[PDB]
């Protein structure tokens, strides 16, 4: 899948993400709240797998583990996240 590097100012206590997992692989973004930090991030989308946060490899991690890592980022701090898109259908025109 397409890997994307996301760089975000966490300027409040909530990013606007609902994260889940299916019991294996990477945790993924199930929802992005409108009018949120993450909705304003150009290169992140619902369905994206969260592969890394600040250089930590999140392969195999459950949504609650990824969630704690995002909660632990201090308000006012910039963080980086590597997201991977699943391969879904598209049309070239």
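Residue numbers count along the first chain shown, from 1.
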| item | value |
| --- | --- |
| CA B-factor placement of residue 41, once the chain's modelled residues are sorted into thirds | lowest |
| Third of the chain's Cα B-factor distribution that residue 17 belongs to, per the entry | lowest |
| Assigned third (lowest, middle, highest) for the C-alpha B factor of residue 84 | highest |
| Third assignment of residue 49 from its chain's C-alpha B-factors | middle |
| Cα B factor band for residue 24 (lowest, middle or highest third within the chain) | highest |
